[PDB]
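*Asks:* Questions regarding the structure given below will be posed in turn.
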Amino acid sequence: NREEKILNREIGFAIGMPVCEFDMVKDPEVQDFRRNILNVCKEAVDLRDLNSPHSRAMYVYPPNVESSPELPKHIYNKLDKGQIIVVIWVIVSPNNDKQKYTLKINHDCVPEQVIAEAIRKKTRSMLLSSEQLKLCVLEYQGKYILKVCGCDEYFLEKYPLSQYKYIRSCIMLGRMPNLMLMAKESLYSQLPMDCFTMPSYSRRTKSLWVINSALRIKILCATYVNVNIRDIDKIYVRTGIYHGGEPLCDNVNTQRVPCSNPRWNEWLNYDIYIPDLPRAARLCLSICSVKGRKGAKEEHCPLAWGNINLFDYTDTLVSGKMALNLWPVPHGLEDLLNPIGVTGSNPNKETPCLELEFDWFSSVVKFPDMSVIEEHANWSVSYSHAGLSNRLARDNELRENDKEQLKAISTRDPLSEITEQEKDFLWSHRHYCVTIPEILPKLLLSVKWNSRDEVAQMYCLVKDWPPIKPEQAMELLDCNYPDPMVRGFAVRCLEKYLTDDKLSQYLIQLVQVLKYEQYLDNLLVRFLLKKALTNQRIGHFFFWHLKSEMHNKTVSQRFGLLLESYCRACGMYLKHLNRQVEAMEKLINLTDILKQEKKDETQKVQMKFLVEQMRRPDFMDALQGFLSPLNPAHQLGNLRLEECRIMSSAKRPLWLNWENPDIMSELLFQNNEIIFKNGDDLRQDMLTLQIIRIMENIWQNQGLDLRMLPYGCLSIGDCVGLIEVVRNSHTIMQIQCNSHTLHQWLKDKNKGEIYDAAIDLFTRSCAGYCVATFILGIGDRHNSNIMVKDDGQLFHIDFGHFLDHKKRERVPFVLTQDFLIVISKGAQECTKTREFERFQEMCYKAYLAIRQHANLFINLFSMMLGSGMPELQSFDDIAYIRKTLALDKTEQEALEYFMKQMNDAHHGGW
Ligand SMILES: Cc1nc(N)nc2c1c(-c1ccc3oc(N)nc3c1)nn2C(C)C
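For reference, each letter of the sequence shown is one residue, going 107 to 310, 324 to 500, 507 to 862, 873 to 942, 949 to 1051 in the authors' numbering.
Below, the structure is given as C-alpha cells:
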C-alpha cells in the first residue's frame, strides 16, 4: 500500500525510469516476466533468512576468497615454514584505543582459530590465565569476527586464512595482514532485517510436427518510410529464416515497389518444411532501396532492419497479423540483413513499420514436448544402408585413428574453421563424442538445424551430455548457440561448477550474453538474478552493469524489468545504491556544465566554478557519505575539496578525494582517490583490464611472478565512469625532470639492500606488460601512458583500442634504452647481459602460457560481440589474437614468431 508506493519511488530512482511505465506495457511476456520472476526473489530471500543473523551477514559481507585453497609453490615459499605473521587489532573501551597483537600462525588456519590465538596473546599479558586454564570460556571465538583493517571486508566463513584474497595478496606482495577483532553482535545489530513484500502485480492446440506444409509469411505494407523521392527509385523487403547467425534456407525478396506507395501484399514462400523449424528459428528482414544505375551492377542499400522469433515465449508458433517497428542500419553492416541484430520491435514507434501476416492452421500451433522429441529421436535409430550417407556410422565403425582425429578436432580454437567433411565426420561419430565432452560446441555446429530428425537426436545427446568446465560452457552462451536446450545445458554447468569468485570475474560477459536470449524469462537470467540476490558483491556489479546500459533502447526493456525485480528483493542495499546513483548524477550534471558552458575558461576560473558548485548544500550532502561504486567495501566519507581538481587530460576528468571514515583507515589508506571521467566509452578499458587480470592469474598459478596492475574501472553509463587512482605512481614523462634518468630515479627511491627487489619488480612487471600488450594489440605506448610505482612496479594506463585498430601485427610497448638500462642494472651493453637473458625467458614463458589458454580469451571476446564496442563488431576482429598467438603454427614456431616481432620492433636483441 503506502510502503509499496514508497518502495516504487526508490526502485524508480535506482533504475532511472518509474515502475508505472512497466505497468502500462501491454505485452503479456513483459507482465508474465514481472510476475513469474518473483519466485527467484522468494527463493533468494528464504536463503538469506535460513540461518539468521549469520546468513544475512554472509549475503551482505560474502567472503572475498580465491577459487582453490591450494597455494602455488612460489607463494608458499614466501611463508616462514608454511606460517604467516598476522597483526590483530583490538579497539579497547575509552578514547577508542588501538592495541596490536602480532601472531605467527599456519597459513591454513580458520578465522575462529585465528581469533582464539589473538585472545590467548591478549590474556597472556595477565599471566593468571596463561598457566591455569587459558581457555577463558571456549575463548568465545563465537563472540568475535575478523574484519580487514581500513575496509568493510569480513572473514565470516570457515575458510583457510590463505584462501581469503586479502591474505594471499599480503603473502604475494610481502605485506603485513592487519585484521581487526570486532564483536559478532556489533556487526549483526548494524545489519537490518529485510522485509521482502510481494508487489501488487503478483496477484494478476495442435503440434508443429503434425503440419504437412512449407513455410509462408505475408508482407502487407510499410509506414514511416520517409526517403528522398529524388534519390530512391524503388524499394523492397528482403527476408530470411535464421537459427542464430546461420540461414536455414535461401533468402526471399518481395517484388520491387515505388517508395511513394510501399504496399506489397505478397505471400513469401520459403525452402523449409514447418515441422523442420528449430525451436530458436527467427524471421530476419529489412527494407532495402534499389537505385543506380549508370550502366553498372544494381545499387542495393538497406534502409532499416528487424528480426522476429518464429515461436513466442509460450512455445506457440507465431500466427496472425503482426507489425514490426524497424531499427536503423548500424555503420558498416555487410549483408542487406542483420541476423546478429536484436530480435524485437523498436520501442520508438515513429520509425519504419512493416506490417506482416503469418499462416493460420485452424488451431493454436505449439512446439512439441520432450516426450514427443525423445520418442522421435529413438524412432530415428544394414552395413550397405548406413554406407549410403556420410552422416551415418553404425556399430563397429570407430577405428583408433578416427578416435584420435576427433580428439585433435576438439583441441582446435573456437575461430578455427571446421570443414563440411569434418561436420559429417563429427555428426556420424556423435555417440563416441560423449567420451570427449569438451567437443560439444564443435558437434553442435555440425548439426543440420533445418532437420527435425537430426535436432531431435541432438536434443537427446545434450540431455545426457556429461558436464564441461564453466569456461568451456560459456562458449555455448554466445550468439552461435541459440538453442534453449544447448543454453540450458550451459547454465546447468555454471550452476554446478562456477564459483562466486569466477562468477564475479566473468560477470561482464554473462550480463552481455543475456542480450542473445530469445525470451525475457530464461535459465540464464534466473541463475544470474539468484546469484545477485544471494551475494551482494555480485549484486552490486550486476546492478551497475545493467544500469550502465539503460540509455540503450535495444536493451532498456529487458534490463529495466530485470533491475526492477533485483531492487524489489535486494533489501537494504537499494538505499545504498540510491546514494551512489544520486552521487553519480551530481557528478554527471557538474561535468556536463564544465564540458559545455565553461569549457573555454581558464583552469583557475574552472576550478573557482567547480569549488563553488561542490560547496552547494544539496551537492555536498549528495556527494559524501556513500559507498565507492568501484568497490562497495570502500566507504567514501567527507570530500577533501582541497585535493579535488579538474585534470589537464582531454574530456577534463575530475580527480576526486574522499576521507576513509574506517577507524583503522591509517593501516590501508586515509584518503580514497577516484577519477570521474565524462566523455569516453569505458567499456573497452574495462574488458582490457579484465583480460590483464586473467593473464596475471594464469601466470601466478603457473609459478611466474609477473606482477600486473589491473586497476579498477567501472562504466556507470553512456560514456561516464570511475577509474581507480593507483597510489604513489608517475608517468615516464613525469620522471624525466638522458637514458639513465629512469634508472637513476628508481635507484634514489630504492637505496641500499631494497634496490635488488625494485629492479626485479621492474623487470618482472615489464615482461608481463610486454607480452600482454603484444597479444591484445593495445594502442601504441609512449611516455605519458606508461607509469611506474615508487617500489619499481611498471604498468600502463589509457588503453583505448585493442586488437587491430589500424585496419601487420604491431608491438605496442617498444622498450627504449631507458627500460633496458634498469633491467641491466645500469649497464652499457644492456642487450648482452645475464639480466636481459633472464627477462627474455620471462617473456617467452609468459607468451606460451597465454597461448595454452587461447580458447578462453577467444570466448571472452566472443561473448562481448553483443556490446556495441566499435573495435569488436565481428569474429574477424577477434581473429587478430589468432595471429598474435600463432595458433595455426606449432609451439616452437610461435616462439620464433614472437622473437621475430620483438627483434623487428627493437631493431635487434631478440
Ligand atoms: C589510474 C591513474 N592512476 C594514477 N596514479 N595516475 C593517473 C591515472 C590516470 C588515468 C586516467 C584516466 C584513465 O582512463 C583509463 N582508461 N585509464 C586511465 C588512467 N591518469 N593518471 C595521471 C594522468 C594523473
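Think of the CB as a built atom: it goes at the ideal place given N, C-alpha and C, for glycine as much as any other residue.
Using C-beta distances below 6 Å, list every residue in its chain close to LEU285, excluding the 5 sequence neighbours before and after it, in chain order.
*Replies:* Walking along the sequence shown from the start, residue 285 turns up at place 179. Cβ within range, chain order: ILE194, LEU252.
*Asks:* When the Cα atoms are used, what is the spatial distance from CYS838 to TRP669?
*Replies:* Taking the sequence shown and counting its residues from 1, one reaches residue 838 at position 713. Taking the sequence shown and counting its residues from 1, one reaches residue 669 at position 544. If I take the Cα positions, the gap works out to 12 Å.
*Asks:* DSSP has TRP590 in a bridge; who is on the other side?
*Replies:* Residue 590 sits at position 465 when you count from the first residue of the sequence shown. In DSSP, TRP590 forms no bridge with anything.
*Asks:* Give me the DSSP bridge partner(s) of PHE477.
*Replies:* Mapped onto the sequence shown, residue 477 falls at position 358. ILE336, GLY439.
*Asks:* Is residue 945 near ligand 1, in the sense that its beta carbon is under 6 Å from a heavy atom of that ligand?
*Replies:* Inspection of the chain shows residue 942 followed directly by residue 949; residue 945 is thus not represented.
*Asks:* So, with DSSP's three-state summary, where would you put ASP959?
*Replies:* Stepping through the sequence shown from its first residue, residue 959 is reached at position 818. Helix.
*Asks:* Let me check understanding here. Comparing Cα to Cα, which of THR1025, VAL196, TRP328, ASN444 lies closest to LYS485?
*Replies:* Here residue 485 corresponds to residue number 366 of the sequence shown, with the count starting at 1. Among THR1025, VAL196, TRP328, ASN444, the Cα nearest to that of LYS485 belongs to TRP328.
*Asks:* Helix, strand or coil, according to DSSP, for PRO562 in the structure here?
*Replies:* Position 437 of the sequence shown, counted from the start, is the residue given in the question as residue 562. Helix at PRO562.
*Asks:* Would you say the beta carbon of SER854 is closer than 6 Å to some non-hydrogen atom of ligand 1?
*Replies:* The residue labelled residue 854 in the question sits at position 729 within the sequence shown. Yes, Cβ of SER854 sits closer than 6 Å to a heavy atom of ligand 1.
*Asks:* For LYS966, which of helix, strand or coil comes out of DSSP?
*Replies:* Along the sequence shown, read from residue 1 onward, the residue named residue 966 stands at position 825. Here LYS966 sits in coil by DSSP.
*Asks:* Candidates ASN605, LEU658, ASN428: which alpha carbon is nearest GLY463's?
*Replies:* The sequence position of residue 463 within the sequence shown is 344, counting from 1. It is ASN428.
*Asks:* Mapping DSSP to helix, strand and coil, what is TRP195?
*Replies:* As a position in the sequence shown, residue 195 is number 89, starting the count at 1. Strand at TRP195.
*Asks:* Helix, strand or coil: how does DSSP classify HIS878 here?
*Replies:* If you number the sequence shown from 1, residue 878 lands on position 743. Note: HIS878 maps to helix in three-state DSSP.
*Asks:* Do you know whose CA, among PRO449, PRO458, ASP478, lies nearest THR435's CA?
*Replies:* In the sequence shown, residue 435 corresponds to position 316, counting from 1. Comparing Cα positions, the closest option is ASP478.
*Asks:* Nearest by alpha-carbon distance to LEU185: which of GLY280, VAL437, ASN345 is it?
*Replies:* What you label residue 185 is simply residue 79 of the sequence shown in a count that begins at 1. Of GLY280, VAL437, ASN345, the residue nearest in Cα terms is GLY280.
*Asks:* Given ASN763, which residues of its chain have a CB within under 6 Å of its CB, disregarding the five upstream and five downstream residues?
*Replies:* Start at 1 with the first residue of the sequence shown, and residue 763 comes out as number 638. Contacts found: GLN749, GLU784.
*Asks:* Please return the same chain residues whose Cβ sits closer than 6 Å to the Cβ of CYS692, not counting the five positions on each side in sequence.
*Replies:* Against the sequence shown, residue 692 aligns to sequence position 567. Here the set comprises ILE117, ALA120, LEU699.
*Asks:* For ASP915, verify whether its CB is less than 6 Å away from any heavy atom of ligand 1.
*Replies:* As a working mapping, residue 915 is identified with position 780 in the sequence shown. No, the beta carbon of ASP915 sits no closer than 6 Å to any heavy atom of ligand 1.
*Asks:* Per DSSP, what kind of secondary structure is residue 506 in: helix, strand or coil?
*Replies:* Note on the chain: consecutive modelled numbers read 500 then 507, so residue 506 has no coordinates in the structure shown.
*Asks:* For ligand 1, I want to know if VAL850 counts as a neighbour, meaning its beta carbon is within less than 6 Å of at least one of the ligand's heavy atoms.
*Replies:* Sequence index remark: in the sequence shown, residue 850 carries index 725 (1-based). Yes; taking the cut-off as 6 Å, the Cβ of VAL850 has a heavy atom of ligand 1 nearer than that.
*Asks:* Grab the span of the beta strand (DSSP E) containing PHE614 for me, first residue to last.
*Replies:* Here residue 614 corresponds to residue number 489 of the sequence shown, with the count starting at 1. No beta strand (DSSP E) holds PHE614; the alpha helix (DSSP H) holding it covers 609-622.
*Asks:* Return yes when the Cβ of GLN981 is within less than 7 Å of the Cβ of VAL166, no when it is not.
*Replies:* Here residue 166 refers to the residue found at position 60 of the sequence shown. Here residue 981 refers to the residue found at position 840 of the sequence shown. No. Outside cutoff.
*Asks:* When you compare the CB positions of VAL572 and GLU563, do they come within less than 7 Å of one another, or not?
*Replies:* As a working note, residue 572 is residue 447 in the sequence shown. As a working note, residue 563 is residue 438 in the sequence shown. Going by C-beta atoms, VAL572 is not nearer than 7 Å to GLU563.
*Asks:* Whole angstroms are fine: how far does the CA of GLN958 sit from the CA of residue 868?
*Replies:* Placed between 862 and 873 in the numbering, residue 868 has no coordinates, as the chain goes from one to the other without interruption by modelled residues.
*Asks:* Please state whether the Cβ-Cβ distance between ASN465 and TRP446 is less than 7 Å.
*Replies:* For this step, residue 465 is matched to residue 346 along the sequence shown. For this step, residue 446 is matched to residue 327 along the sequence shown. Yes, these two residues count as a Cβ contact at 7 Å.
*Asks:* Per DSSP, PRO447 is paired with what?
*Replies:* In the sequence shown, residue 447 corresponds to position 328, counting from 1. Bridge partners of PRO447: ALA423.
*Asks:* Given a cut-off of 7 Å on the beta-carbon distance, is the pair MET610 and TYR644 in contact?
*Replies:* Here residue 610 refers to the residue found at position 485 of the sequence shown. Here residue 644 refers to the residue found at position 519 of the sequence shown. In this structure, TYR644 does not lie closer than 7 Å to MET610 by Cβ.
*Asks:* Between the region 1017-1036 and the region 645-655, do three or more beta carbon pairs fall short of 8 Å?
*Replies:* The region 1017-1036 vs the region 645-655: no contact.
*Asks:* Can you tell me whether DSSP reads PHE751 as helix, strand or coil?
*Replies:* Within the sequence shown, residue 751 is the residue found at index 626, counting from 1. Reduced to three states, the DSSP call for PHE751 is strand.
*Asks:* Is any heavy atom in ligand 1 found nearer than 6 Å to the beta carbon of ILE799?
*Replies:* If you number the sequence shown from 1, residue 799 lands on position 674. Every heavy atom of ligand 1 is 6 Å or more from the Cβ of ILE799, so no.
*Asks:* Quick check on the DSSP output: the beta strand (DSSP E) that includes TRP552 runs from which residue to which?
*Replies:* As a working note, residue 552 is residue 427 in the sequence shown. Element bounds for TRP552: not the beta strand (DSSP E) but the alpha helix (DSSP H), 545-553.
*Asks:* Give a yes or no on whether the C-beta atoms belonging to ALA995 and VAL906 are separated by under 7 Å.
*Replies:* Numbered from its first residue, the sequence shown carries residue 995 at position 854. Numbered from its first residue, the sequence shown carries residue 906 at position 771. Against a cut-off of 7 Å, the Cβ pair of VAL906 and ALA995 comes out as no contact.
*Asks:* Could you tell me whether the Cβ atoms of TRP574 and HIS362 are closer together than 7 Å?
*Replies:* As a working note, residue 574 is residue 449 in the sequence shown. As a working note, residue 362 is residue 243 in the sequence shown. Against a cut-off of 7 Å, the Cβ pair of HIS362 and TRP574 comes out as a contact.
*Asks:* In this structure, does DSSP put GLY762 in helix, strand or coil?
*Replies:* Indexing the sequence shown from 1 puts residue 762 at position 637. Residue state, collapsed to three classes: coil.
*Asks:* Write down the C-beta distance between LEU523 and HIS554 rounded to the nearest angstrom, noting that I regard them as a contact closer than 8 Å.
*Replies:* Here residue 523 corresponds to residue number 398 of the sequence shown, with the count starting at 1. Here residue 554 corresponds to residue number 429 of the sequence shown, with the count starting at 1. At roughly 7 Å, the Cβ-Cβ gap stays under 8 Å, so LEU523 and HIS554 are in contact.
*Asks:* Would you say the beta carbon of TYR904 comes nearer than 6 Å to a heavy atom of ligand 1?
*Replies:* Along the sequence shown, read from residue 1 onward, the residue named residue 904 stands at position 769. Not so, every heavy atom of ligand 1 lies at least 6 Å from the Cβ.
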